[PDB]
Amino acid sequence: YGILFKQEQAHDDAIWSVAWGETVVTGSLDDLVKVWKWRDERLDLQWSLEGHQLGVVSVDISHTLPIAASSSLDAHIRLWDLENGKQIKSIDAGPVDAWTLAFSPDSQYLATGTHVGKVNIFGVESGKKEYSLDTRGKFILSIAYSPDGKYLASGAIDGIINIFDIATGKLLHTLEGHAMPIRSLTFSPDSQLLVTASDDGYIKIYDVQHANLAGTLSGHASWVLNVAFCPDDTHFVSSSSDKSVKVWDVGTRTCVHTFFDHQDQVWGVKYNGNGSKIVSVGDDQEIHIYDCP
């Protein structure tokens, strides 16, 4: 493991979210969505996407199509054409009704968490709200689709996690788990495990089928801001307010590596397509790319 490339001043304010598709997409409070090309060991900026009127909260990239989606504090979601750097369309989510974004496995739907306790599912082609999942709870700070397309999970500001059945729209389970905010959750590539991160500094691992807690990892000294899975289905990576990025072994439930070369909160981490690179972004406005064996 090791630091491979650093882009200083990637953005002009905090970068809260990043997605890896060759192509890295970053969302920042400076209002911009930037598209970066990872090629021959280098990162180089391709597009600077203007349109949002206020800071960007979340971004995602479609798995099948060359598009990215951003949500912003300006109450809009924008879809972006990655091939030519232009905006496809802009959707009025509503005031604080658009926090974190995620494309569905097939990129026909885009889900967003709301301040009112709902997960709003938007249609990529139609631009309209196609349906809503209701937790009946509190500010939803994280959402995740299970790769297999069977489930959606949402983590709330008061520590409640909800697992929905995406084909019936019914709430299948509601977990107490944490009592602090859950700013990130992610399903594993085989859709069997659900890993959740929390302000309490603990990462919790749930089996999805039985819905029970499998383990808890200590290792972050402050808020866990992000968790993301390695394609090889065994590793995941976490980032935190404590300025560190950690790589974990799902099987042994232990830390394999920590990177400390960030000087502020690290908000975003993802593995690339073959799990040989990790990208990290945060408050220090830098993009780091790490090499993995």
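Sequential numbering from 1, following the sequence displayed.
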| request: Quick one: classify how much of the deposited chain lacks coordinates between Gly21 and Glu22, choosing none, 1 to 3, 4 to 9, or 10 or more. | output: 4 to 9
| message | Per the record, averaged over C-alpha atoms, which has the higher B-factor: 127-135 or 67-75? | response | 127-135
| request: Return whichever of 247-255 and 261-269 has the greater mean Cα B factor according to the PDB record. | output: 247-255
| Residue with highest C-alpha B-factor in the PDB entry, from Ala156, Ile205, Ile143, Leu82 | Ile205
| message | Looking at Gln46, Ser58, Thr234, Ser239, which one carries the largest C-alpha B-factor according to the PDB entry? | response | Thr234
| query | Should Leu4 be placed in the lowest, middle or highest third of its chain by the C-alpha B factor in the entry? | reply | middle
| task | Could you look up the Cα B-factor of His178 in the entry and say which third of the chain it sits in: lowest, middle or highest? | result | highest
| field | Chain-relative CA temperature factor third for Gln209 | value | highest
| Mind checking which third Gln108 falls in for C-alpha B-factor across the chain? | highest
| field | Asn120 - Cα temperature factor, lowest/middle/highest third of chain | value | middle
